[PDB]
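For reference, the chain that follows is the form deposited in one PDB entry, supplied as structure tokens.
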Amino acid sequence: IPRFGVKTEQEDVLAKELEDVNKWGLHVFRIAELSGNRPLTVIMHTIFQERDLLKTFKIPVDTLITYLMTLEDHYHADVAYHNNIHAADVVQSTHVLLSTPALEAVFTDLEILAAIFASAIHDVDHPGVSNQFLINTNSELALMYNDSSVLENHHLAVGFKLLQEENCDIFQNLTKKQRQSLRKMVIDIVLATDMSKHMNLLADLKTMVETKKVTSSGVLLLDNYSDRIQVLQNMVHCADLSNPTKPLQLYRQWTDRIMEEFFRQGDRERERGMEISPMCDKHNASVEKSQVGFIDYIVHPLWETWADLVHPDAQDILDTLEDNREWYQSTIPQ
């Protein structure tokens, strides 16, 4: 029954931080500390209230919080990058992207709910290792998902499964039609987060930009499920790949975390007598170069395309990415 979803006497400082919920560059780490490591629960609660999703979908308030806490409890606290903080961050970034001027009134509430819920569960119960590692070891997960998008299929199943715990079904008052539509979009979005799908996603996105249509209002025209879900997929995907576009201070912390996680896998791999995966070798690591390359061949190409689709709404995000790209470049030891 508390103000932001959880109990905390630093509630005033947290309240002040959550004022930036609609802003790119939210101090998600401070919010994580101030909420007692409940960034996903408080940030989702704030966004649901802000968007009036509880009333619109008849979600009892206690059910929402029980589910959110349950969901957050299933992200691993010992995983440096793919944890609840990353989940909270993607949820909040997706929230900002959905509010872009070029997309106003374009998506329905159910579609908005789907993008946000998808963002919240997109990495749930991530072991801290890649699909390839899960595949090489013949893990039960790899076997159940026939080696195809193992982690991603797993994130979805868990997200939906938790809905079944006590007082966790936040979709209990949606009609069958709403639940099927929602479920489909969510699945379509989370499966798209698998990096092995990046190129085809980006390709289709560019195509859409090439044939970009806008209504009498200055907003994007999306006439069919295919184009709609495609935008939602690239949106969430952009949010999942938005670290380099945040204020350097936040970006650098994500870099330290993604590397700390990659090195754990690297170590675990050499212990098991496996070939150390790329960028997972703390002994042969070029953190800076790696980040620059990540931007040059992945992040910038994606955000440059998204920027065109919603031009000029994302111009500042793109400028920050470039400023950050140059910082790391200047950090590469020679």
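From 1 onward, residues are counted along the sequence shown. Shifts are known only where both forms have a C-alpha. Note that the rigid core is defined as the largest set of C-alphas that superpose within 1.5 Å between two forms.
A second form of this protein, the form deposited in another entry, is not displayed here; the remarks below concern that form.
- After superposition on the rigid core, the single residue among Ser99, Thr215, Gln180, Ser226 whose C-alpha moves by 2 Å or more between the shown form and the other one is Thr215.
- After superposing the rigid core, the Cα of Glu19 is displaced by less than 2 Å between the shown form and the other one.
- Core aligned; runs of 3 or more residues with all CA shifts at 2 Å or more between the shown form and the other one: 1-9, 215-218, in sequence order.
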